[PDB]
């Protein structure tokens, strides 16, 4: 058993009003069951999830992604539920990370 590591980021650098993609990359975890959700102002978004894969150390990885058009005030995050976590893990989108 092993907790997930979570990064949230856009595909291209964010320019407000410009079509783009939002990504949540989750990795390092065991066992494989995990719930991952992309959030728009605390709201679940529709998004696709990659086919489960792993790395040489056996730990799992997945990419969750959806289209979005940046901001104004719109806040975005990724939310992850995993057995190793007693509490869900919310990582906030920040355009320069």
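Numbering follows the first chain given and starts at 1. Heads up, when I say rigid core I mean the largest set of C-alphas that superpose within 1.5 Å between the two forms.
Farther on average from this form in 8 other deposited structures of this protein lies stretch 68-76, the comparison being between 48-56 and 68-76 by RMS Cα distance after core superposition. Of the two segments examined, 81-89 and 5-13, it is 81-89 that shows the higher average Cα temperature factor in the deposited entry. Stretches 58-66 and 43-51 differ in mean CA B factor, with 43-51 having the higher one.
Sort the chain's modelled residues by C-alpha temperature factor and residue 75 lands in the highest third, per the entry.
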